[PDB]
Each structure stands twice: as structure tokens, then as C-alpha cells.
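What follows is one structure encoded as C-alpha cells, with my remarks underneath.
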Amino acid sequence: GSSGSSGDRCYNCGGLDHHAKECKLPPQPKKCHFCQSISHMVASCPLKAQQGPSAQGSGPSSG
Ligand SMILES: [Zn+2]
Ligand SMILES: [Zn+2]
């Protein structure tokens, strides 16, 4: 049917043309927008820069 979004724009400066990600400006001092790690930021977040391009089954288990 006819569905859409309320309007998702760059939650940093307010750019509609570009996306928050593409945006260049520095990310607000808010909490990490990756792992909700209020401690560190998304710029330092280690997980973000995870090492290992290998994406062939990652320990397939439950619980
Ligand atoms: Zn922006
Ligand atoms: Zn993080």
C-alpha cells in the first residue's frame, strides 16, 4: 500500500539533502549512536572499527 516515514533527517545539523552519516560536521557530544555507550563516543567507539572483514558465520549459537 502507501507507506512512508515521518521524515528522517541528519540528527546532527539538520540536513535533508545529506544523511547524518554522510554529513561531515562533528557529531554532537551526545551518547554513542552505535552501542548506546554513554561512556565513549561513536568517534572512539572500538566496536565501530571492529577488526576482521571475515563475515562467514559468526559463532552460530542461541543464548
Ligand atoms: Zn548534517
Ligand atoms: Zn559505541
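If you're wondering about the labels, chains in the C-alpha cells are A, B, ... by order shown, residues count from 1 in each chain, ligands from 1 in order shown.
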
Next on the checklist: If we count only C-alpha atoms and set the cut-off at 12 Å, which residues sit around residue 26 in chain A, ignoring sequence neighbours fewer than 5 positions away in its own chain? Please answer as a PyMOL selection string.
Outcome noted: chain A and resi 10-13+20-21+41-43

Given only C-alpha atoms and all ligand atoms, how would the per-residue table for chain A near ligand 2 read, listing every residue at most 12 Å away with its closest atom pair and distance in Å to one decimal, sorted by chain and number, as a tab-separated table?
residue	atom	partner	partner_atom_place_in_ligand_line	distance
A:30	CA	ligand 2	1 (Zn)	11.4
A:31	CA	ligand 2	1 (Zn)	8.3
A:32	CA	ligand 2	1 (Zn)	4.9
A:33	CA	ligand 2	1 (Zn)	6.6
A:34	CA	ligand 2	1 (Zn)	4.7
A:35	CA	ligand 2	1 (Zn)	4.1
A:36	CA	ligand 2	1 (Zn)	6.0
A:37	CA	ligand 2	1 (Zn)	5.0
A:38	CA	ligand 2	1 (Zn)	8.0
A:39	CA	ligand 2	1 (Zn)	8.3
A:40	CA	ligand 2	1 (Zn)	6.4
A:41	CA	ligand 2	1 (Zn)	5.9
A:42	CA	ligand 2	1 (Zn)	5.2
A:43	CA	ligand 2	1 (Zn)	8.2
A:44	CA	ligand 2	1 (Zn)	7.6
A:45	CA	ligand 2	1 (Zn)	4.3
A:46	CA	ligand 2	1 (Zn)	6.9
A:47	CA	ligand 2	1 (Zn)	6.4
A:48	CA	ligand 2	1 (Zn)	6.7
A:49	CA	ligand 2	1 (Zn)	9.8
A:50	CA	ligand 2	1 (Zn)	10.9

Checklist entry - Counting only C-alpha atoms and all ligand atoms, which of A:59, A:53, A:14, A:29 gets nearest to ligand 1? => result A:14

Checklist entry - Interatomic distance between CA of residue 1 in chain A and CA of residue 18 in chain A? => result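 Rounded to one decimal, the two atoms are 27.1 Å apart.
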
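CA of residue 2 in chain A lies 21.7 Å from CA of residue 16 in chain A.
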
Checklist entry - For the atom pair CA of residue 5 in chain A and CA of residue 22 in chain A, what is the interatomic distance in Å to one decimal place? => result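 For CA of residue 5 in chain A relative to CA of residue 22 in chain A, the distance reads 19.4 Å.
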